[PDB]
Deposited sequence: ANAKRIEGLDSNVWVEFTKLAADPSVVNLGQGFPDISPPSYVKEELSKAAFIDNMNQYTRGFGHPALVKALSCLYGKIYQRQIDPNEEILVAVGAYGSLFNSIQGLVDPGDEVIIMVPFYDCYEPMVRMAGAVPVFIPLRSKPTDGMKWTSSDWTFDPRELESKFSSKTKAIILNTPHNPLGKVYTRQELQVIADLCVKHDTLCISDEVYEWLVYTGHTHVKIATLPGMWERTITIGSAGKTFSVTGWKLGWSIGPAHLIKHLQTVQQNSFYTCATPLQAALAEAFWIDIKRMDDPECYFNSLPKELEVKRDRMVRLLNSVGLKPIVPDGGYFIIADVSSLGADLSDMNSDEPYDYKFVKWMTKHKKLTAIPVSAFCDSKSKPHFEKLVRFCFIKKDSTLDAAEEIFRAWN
């Protein structure tokens, strides 16, 4: 018998989803992590102290590294102890944020399609998710891209009331690949300031922005530092999704409440992973300048792979939406229980290729508007994408 708070929250999209099938579904990198990330974990393993309890809110060496890296991005001095919290992934950071800040009866605005945990997390806190969809614009004629999706500022305004506690922002966006523009962020900022709401900004894909786009942090916009929690992830930054380390960065008067959730929930994150992650950070922080920096080299490597996926999807009559950022690409499926779920089962069984139906990232009323869209992951090794080529070449 569940507690009331988790009523109806037991179904989970990922819980629902053959070894000759090429999996382009889940965000499971099969490229290697950088060699030094692995080496540093090995080194921490052999130090006895690095196997025992560390500082609860974050390993001192790690919060110092994050302080120094993010202080450069933000152009401010970030207090490593008071303005940072290390949690169990971005998931954990998100949970800390909602649990510590959002009351039963609060409204939380979510942009659709949304990364799927946003909705049940808001609901577990007894809050009301208030949905607004991203919508299409006329294309430049040439190609379909993430930047051809935006939101209507007037519709957004109408979502804000005196019940609104916060808006959840995700840039670069999953599943669309949208890198939100400065002007878009400014509309969100104006409304958070005018209504005095929080912004929770999920920026795990922050390094993964392609040619002609720039990651901009809403927390750097005038008046936003004081009302924003910005979230990062080791799993994305260093392609080690299995390390489950993320962080929240923001003002002390907000971070302390995340800290209260953490000390009362899981308390401490793993010492060896955090020690190794601190060293991985120092290596790359010292060479941000250079194309060898993993912050530089990975987006560069992935852009090639993105462009590859777009050719392959085109090659078979699937209309790709070229992503500004991240490592997912959506394809419209229409020119070949919701449509995209049926299509994905059909493509698995008959083409030996798997993907994720976009309707999984949509509230019930929005699903008809997105149900002909399917998402593919390209943070894959050359050999994996060749196996995918084979499947596409052989499709007809």
{"item": "Gaps in the model, given as deposited-sequence positions counted from residue 1", "value": "18-22, 342-351"}
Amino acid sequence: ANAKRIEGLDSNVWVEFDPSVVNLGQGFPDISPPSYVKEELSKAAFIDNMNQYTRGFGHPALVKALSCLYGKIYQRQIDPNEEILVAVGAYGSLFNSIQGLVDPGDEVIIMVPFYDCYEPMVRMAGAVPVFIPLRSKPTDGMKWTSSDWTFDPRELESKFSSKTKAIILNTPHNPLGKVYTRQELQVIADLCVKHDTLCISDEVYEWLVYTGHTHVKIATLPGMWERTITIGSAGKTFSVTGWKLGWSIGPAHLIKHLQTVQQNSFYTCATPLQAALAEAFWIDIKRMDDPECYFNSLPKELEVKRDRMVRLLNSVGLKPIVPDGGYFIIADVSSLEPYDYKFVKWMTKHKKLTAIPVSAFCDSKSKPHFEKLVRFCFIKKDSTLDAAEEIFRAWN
From here on, numbers count along this sequence of modelled residues.
property: Stretch with the greater mean C-alpha B-factor as recorded in the entry, comparing 110-118 against 290-298; result: 290-298
property: Of 281-289 and 220-228, the stretch whose C-alpha atoms average the higher B-factor in the entry; result: 281-289
property: Member of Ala275, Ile132, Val179, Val310 with the greatest C-alpha B factor (per the PDB record); result: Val310
property: CA B-factor ranking of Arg55, expressed as a third of its chain; result: lowest
property: Relative C-alpha B-factor of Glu184, binned into the chain's lowest, middle or highest third; result: middle
property: Modelled-residue ranking by C-alpha temperature factor, third containing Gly141; result: highest
property: CA B-factor ranking of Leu85, expressed as a third of its chain; result: lowest
property: CA B-factor ranking of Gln263, expressed as a third of its chain; result: lowest
